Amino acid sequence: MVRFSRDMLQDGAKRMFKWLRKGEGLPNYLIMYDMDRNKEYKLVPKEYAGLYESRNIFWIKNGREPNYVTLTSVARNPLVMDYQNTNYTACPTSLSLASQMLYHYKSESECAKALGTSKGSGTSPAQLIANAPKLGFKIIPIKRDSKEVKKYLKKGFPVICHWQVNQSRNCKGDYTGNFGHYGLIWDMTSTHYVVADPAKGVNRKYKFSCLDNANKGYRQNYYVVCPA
């Protein structure tokens, strides 16, 4: 089987990140050299997504990058579910999930320190926008409109969503409490956003109007994450 060292994996992710910066979506392939033969491999998207998904499982579960990853699997994207480690870190966790999709992984802890997330007040959208550049990201506040979300998802940029869970109790019903919350829209059906919710699961399906309208009284934006 074929294995790729940490050094090649880091360089490969930086190239993927630099490519995505063009706003033209993911590349058709990723060339990498294996650590045992120093032979060139042309990974198709299901292969590099599978490789980096495997890298990200180890990284998230162990708190440190793997020294190498063997190519064993395929995947649709490199995203690995990652739950918030506190009741106030939904926003840095959503940013860390976005960082996986952009091939520029920053841990939840790294993101929380950069954003200034706090036990007292969580994270505001203003903190997210102003501080994400410290980690290499630019945040584009967009309309809470499925067409705008689709426009940036089609570029490979995931979209942080912000909403009051009590305002989605009846059109979704995941939550019985009253608090503001964040997730990562990483996909869409014809009717629902697919939300990686750091307190529930990677696959929470929200009807476009349910999520769009669940932020009365608060900033009327979503937040696309892209390379800066």
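The first residue of the shown sequence is 1; numbering continues from there.
S.K.: Mind pulling up the entry and telling me whether 49-57 or 27-35 has the higher mean Cα temperature factor?
M.R.: Of 27-35 and 49-57, the stretch with the higher C-alpha B-factor average is 27-35.
S.K.: Could you check the entry and say whether 96-104 or 83-91 has the higher mean CA B-factor?
M.R.: Result of the comparison: 83-91.
S.K.: Select one of 73, 124, 109, 146: the residue whose C-alpha shows the highest B-factor in the crystal structure entry.
M.R.: Max CA B-factor in the entry, restricted to 73, 124, 109, 146: 146.
S.K.: Considering only modelled residues of the same chain, in which third does the CA B-factor of residue 208 rank: lowest, middle or highest?
M.R.: Within its chain, residue 208 is a highest-third residue by C-alpha B-factor, going by the deposited values.
S.K.: Once the chain's modelled residues are ordered by C-alpha B factor and cut into thirds, is residue 44 in the lowest, middle or highest one?
M.R.: Lowest third of the chain for residue 44's C-alpha B-factor.
S.K.: Divide the modelled residues of the chain into thirds by Cα B-factor and specify which third, lowest, middle or highest, holds residue 181.
M.R.: It falls in the bottom third of the chain.
S.K.: Using the B-factors in the PDB entry, rank residue 224's C-alpha atom against the chain and give the third, lowest, middle or highest.
M.R.: According to the entry, residue 224 has a C-alpha B-factor in the chain's lowest third.
S.K.: For residue 195, does the deposited CA B-factor place it in the lowest, middle or highest third of the chain?
M.R.: Its C-alpha B-factor belongs to the middle third of this chain's values.
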